[PDB]
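Residue numbers (the numbering used here), protein chains in the order written: chain Y, 1 to 213; chain X, 214 to 435. Notes for the one structure printed next.
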Amino acid sequence: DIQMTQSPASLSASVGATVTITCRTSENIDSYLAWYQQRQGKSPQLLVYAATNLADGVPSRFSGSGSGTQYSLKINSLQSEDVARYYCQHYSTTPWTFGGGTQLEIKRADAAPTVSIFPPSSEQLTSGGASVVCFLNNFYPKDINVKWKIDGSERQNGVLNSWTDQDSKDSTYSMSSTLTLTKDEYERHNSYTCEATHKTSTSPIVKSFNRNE
Amino acid sequence: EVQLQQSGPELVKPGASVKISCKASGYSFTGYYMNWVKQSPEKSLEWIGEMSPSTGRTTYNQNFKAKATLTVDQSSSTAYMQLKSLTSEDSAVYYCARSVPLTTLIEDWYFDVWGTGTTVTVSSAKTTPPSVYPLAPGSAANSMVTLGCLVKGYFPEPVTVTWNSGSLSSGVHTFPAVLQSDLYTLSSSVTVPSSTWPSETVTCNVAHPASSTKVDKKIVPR
């Protein structure tokens, strides 16, 4: 098995930038190499074959080069629709193998999160469960940390977080954090706080509600 | 024009087998090789093997020799892949992918058209329908208001969420599902002008095909 190593794992650049992704192989593959793009939630598409041949219909800002054990994919004037994972693949000796992928993001201006917090619904409380949800929406850069506080004490157990991929219109990220408790433990307390650290604020971003007040 | 329509998502028990289909359109099916690729949850890509739809001739990645069997039906322009004795390692998205014509002297073995993908889940966890919970504020009159739906305690993936039957799509954030103890939680937020809510209806629509369930939840104040 030929090892295909891509770098960097992650790339961030401004719209209009020229960017280069590299693929290093364990053997001289004599340019028997393909590049693919895959957008979130979509099937891959072919960009380049024989290391340097642009697949038909592919935008001309894409190009490939290389020889021996080192190959590159280049995008001139990066566009927001270029946000995707990129993979190299050899077809030199069987079995054909792929690199681990490179994820490209658009670099934009810092954006502070819009934070909303929700107490459990009456519906959920009837089941004997209680989820508190925090949305942290439309922020940039992606780096964020969320902590939950109950009556001021940090709570870590029962916390589930997920992040959207970068937005195709505004290039921001959003995050959702859900703390699930029992109805019983939820009712023993008053103050529920979603607390974030993000580069757009010096101090922690604090969103709370009082059950009830 | 060239399309490769694959079969639906699968939940299979950790001993069973599954057969995936790949229907070809807009080209001469028996004129080009057909390949299969695994994509692990970690988003790595693995070549499983190749089949010739014309002659039945086949080449496997030796790592999949015990796992995969590739088959064909020329009458319907459909290629198949069966995966035997499934384990957690086999939970993945599987793609069929077209390569070059059988008449190529050229040495270019690229995958130029990829299928729609078939997600395979292997586990002993029980199919469970979603609970859908409304997320509404308690603040009255920002100029924008954020509403949400929390979809909890379901298995397997996928759940799909729309707002107002898809007619409300700007300002929506639907978050990737998170697994805990064999059950998923997903959320979705929607931001609307405060002039439009609560004076107008906002509903999240949740579909969970695995459990044959659709839920609508109107978001009301308080």
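Even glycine gets a Cβ: it sits at the ideal position worked out from N, Cα and C.
- Going by DSSP, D184 of chain Y is part of the alpha helix (DSSP H) stretching over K183 to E187.
- Between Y367 of chain X and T341 of chain X, the gap from beta carbon to beta carbon is short of 8 Å.
- Here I205 of chain Y is near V115 of chain Y, since their CB atoms are less than 8 Å apart.
- Fully contained in the segment 1-32 of chain Y are the following beta strand (DSSP E) runs of length 3 or more, in chain order: 4-7, 10-13 and 19-25.
- In this structure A423 of chain X touches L224 of chain X by the C-beta definition: roughly 6 Å separates them, less than 8 Å.
- Residues of the segment 385-398 of chain X that bring their beta carbon within less than 7 Å of a beta carbon in chain Y comprise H386, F388, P389, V391, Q393 and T398, in sequence order.
- Assignment of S177 of chain Y by DSSP, reduced to helix, strand and coil, places it in the strand class.
- A direct Cα-to-Cα measurement between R39 of chain Y and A84 of chain Y gives close to 4 Å.
- Within chain Y, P95 have C-beta atoms less than 8 Å from the C-beta of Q275 of chain X, given in sequence order.
- The C-alpha of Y49 of chain Y lies about 56 Å from the C-alpha of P434 of chain X.
- For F324 of chain X, a Cβ of chain Y is located within less than 8 Å of the residue's own Cβ.
- If you check each beta-carbon in the segment 75-105 of chain Y against every beta-carbon of chain X, the ones closer than 8 Å belong to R85, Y87, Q89, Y91, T94, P95, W96, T97, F98, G100 and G101.
- For the pair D110 of chain Y and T398 of chain X, the Cα-to-Cα distance works out to about 29 Å.
- The Cβ neighbour count for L392 of chain X, taken over all protein chains shown within 10 Å, is under 16; the residue is labelled exposed.
- Burial state of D170 of chain Y is exposed, judged by a 10 Å Cβ sphere holding fewer than 16 other Cβ atoms.
- Cβ proximity to chain X below 7 Å picks out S174, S176 and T178 from the segment 171-198 of chain Y.
- Close partners of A50 of chain Y in chain X (Cβ separation under 7 Å): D321.
- Using a 10 angstroms sphere on the CB of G68 of chain Y, the tally of other CB atoms stays under 16, which defines it as exposed.
- Beta bridge pairing from DSSP links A292 of chain X with X:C235 and X:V285.
- Secondary structure of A423 of chain X (DSSP, three-state): helix.
- For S122 of chain Y, the uninterrupted alpha helix (DSSP H) segment begins and ends at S122 to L125.
- Its chain contains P266 and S290 as the residues whose beta carbon lies nearer than 6 Å to that of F242 of chain X, once the 5 sequence neighbours on both sides are disregarded; these appear in chain order.
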